[PDB]
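There are 4 protein chains.
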Amino acid sequence: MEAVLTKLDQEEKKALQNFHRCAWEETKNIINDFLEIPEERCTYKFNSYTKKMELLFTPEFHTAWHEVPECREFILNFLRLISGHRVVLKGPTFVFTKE
Amino acid sequence: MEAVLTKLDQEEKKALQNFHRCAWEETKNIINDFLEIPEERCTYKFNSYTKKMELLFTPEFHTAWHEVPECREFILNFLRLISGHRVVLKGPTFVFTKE
Amino acid sequence: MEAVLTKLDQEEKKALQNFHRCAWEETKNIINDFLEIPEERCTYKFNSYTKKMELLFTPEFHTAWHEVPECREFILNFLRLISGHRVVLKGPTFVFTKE
Amino acid sequence: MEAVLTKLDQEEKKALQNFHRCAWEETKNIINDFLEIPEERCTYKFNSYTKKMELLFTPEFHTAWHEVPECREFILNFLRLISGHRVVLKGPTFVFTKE
């Protein structure tokens, strides 16, 4: 009984630590890919309703970075800062639309 | 990053220019087909609810002319002007109903 | 005349890019140091007024990460998330106080 | 990370325990010195503004007893009780003024 609850506590600590570590690794990889080599990972899609084409950035990993509000908010805000364009996250894609 | 964003801006300029050029070519073809040789392009359908026949004009191209509000508005207005009938655009068809 | 202003614009783009790149590198190094090897970088100081021991984390670099509101906010929020304590940034130090 | 935080928790417990132990030892020594042998430790200073002289008690230790509100309050209250005079703590000195 108490062994199972102790294992729950230990595994919750371990899983939360691993989840935050994976989220940090994912945001690290996302921003590093955008800053260094985004050409092999990004495409361009023309939204005709807004009569403009947007940069579709599809990061390789999606497991944990969007589940953490802080990591996702930082990713969006820093992509907006470094790029200067309006960045909106939809599903697994970052949409860069020139402002 | 900056190289990819500059490529995005250049591609947006080029794609917007190409999209407007294609829209102009499409409206040119639509109105030229209506003015010169519409007989092989349009059919006649009797709407029994309004108990009147309407001319169904089916332009060959639909890629860009309807996505530009100005080109579509001009097409409708000029078809109304030159034909004199009530022109309503539904889907890919122009419905000419005698007024 | 215009050559100097063109140089100003080009150098402003370059310096903003370099500043944001340095800020990202600094936050990367800060969080990596905290997650992997903080023991040789952080100390412990007992605040007697609050009668509690706080972790004094002194990141190696301070050039750009704190000047960017987004990077600093993300650093503080993510340190609070991963550590679970209360993290306050004063000067060059992160103070971790147990909650 | 987690090792450093566990060390923080353990060292906070140890430092709080040591701080309270030192405060208790200091109040013990202060009150024992006042009760048993205060002549070698106390002086007399004539405040002419209040036209009276006060007993200046300068305890040997000052590290922790004044930082604990409970220990300081007890020291002041018990010195007032055992002495019967108005006891005011200023800096490192107890001022005994006859009431």
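Residue numbers (the entry's author numbering), protein chains in the order written: chain K, 1 to 99; chain L, 1 to 99; chain E, 1 to 99; chain A, 1 to 99. All C-beta atoms in this analysis are idealised placements derived from N, C-alpha and C, irrespective of residue type, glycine included.
The contact set of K28 (chain E) on chain K, defined by CB atoms closer than 7 Å, consists of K28 in chain order. By the C-beta criterion, the region 71-89 of chain A is judged to be in contact with the region 30-43 of chain A, since at least 3 inter-stretch pairs fall below 8 Å.
By the Cβ neighbour-count rule, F94 (chain A) is buried, with 16 or more other Cβ atoms within 10 Å of its own. The count of Cβ pairs closer than 8 Å, one atom from the region 3-14 of chain L and one from the region 35-42 of chain K, reaches three, so the stretches are in contact. For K98 (chain L), the CB contacts under 6 Å within the same chain, skipping 5 residues up- and downstream, are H85 in chain order. The shortest CA-to-CA distance from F19 (chain A) to any of E:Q10, E:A23 and E:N47 is the one to E:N47. Assignment of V68 (chain K) by DSSP, reduced to helix, strand and coil, places it in the coil class. In the structure shown, the three-state DSSP call for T43 (chain K) is strand.
For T97 (chain K), there is no enclosing alpha helix (DSSP H); the enclosing beta strand (DSSP E) has its first and last residue at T93 to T97.
The continuous beta strand (DSSP E) containing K52 (chain E) extends over residues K52 to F57. Per DSSP, the beta-bridge partners of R86 (chain K) are K:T97. Within its own chain, the residues whose Cβ lies closer than 8 Å to the Cβ of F74 (chain K), once the five positions on either side in sequence are excluded, are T27, listed in chain order.
For the C-beta of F19 (chain A), the chain E residues within less than 8 Å are, from N- to C-terminus, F46, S48 and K51. Excluding sequence positions up to five before and after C22 (chain K), its CB lies within less than 7 Å of the CB of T63 and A64, all in the same chain and listed in chain order. Within the model, the alpha-carbon separation for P92 (chain K) versus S83 (chain L) is close to 50 Å. E:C42 is the residue among E:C71, E:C42 and E:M53 whose C-alpha sits nearest the C-alpha of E60 (chain E). Flagged as an interface residue toward chain A: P38 (chain E), by a C-beta distance shorter than 7 Å. Between the alpha carbons of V87 (chain E) and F96 (chain E) lies a distance of about 5 Å. About 5 Å separates the beta carbons of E11 (chain L) and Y44 (chain K), which is inside the 8 Å limit, making them a contact pair. Burial of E70 (chain K) is indicated by the presence of at least 16 other C-beta atoms within 10 angstroms of its C-beta.
By a beta-carbon distance limit of 8 Å, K52 (chain K) contacts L16 (chain L). Their separation comes to about 7 Å.
Under the three-state reduction of DSSP output, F61 (chain E) falls in the coil class, being neither helix nor strand. Under the 7 Å criterion on CB atoms, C42 (chain K) is classed as interfacial with respect to chain L. Residue range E2 to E36 is occupied by the alpha helix (DSSP H) that includes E36 (chain K). Cβ contact annotation for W24 (chain K) (same chain, cutoff 8 Å, sequence separation greater than five): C71, in chain order. Between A23 (chain A) and chain E, the shortest Cβ-Cβ separation is not below 7 Å.
Within the same chain, no residue comes within 6 Å of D9 (chain L) by CB-CB distance, once the 5 residues on both sides are set aside. By the rule that beta-carbons nearer than 7 Å mark a contact, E70 (chain A) does not touch chain E.
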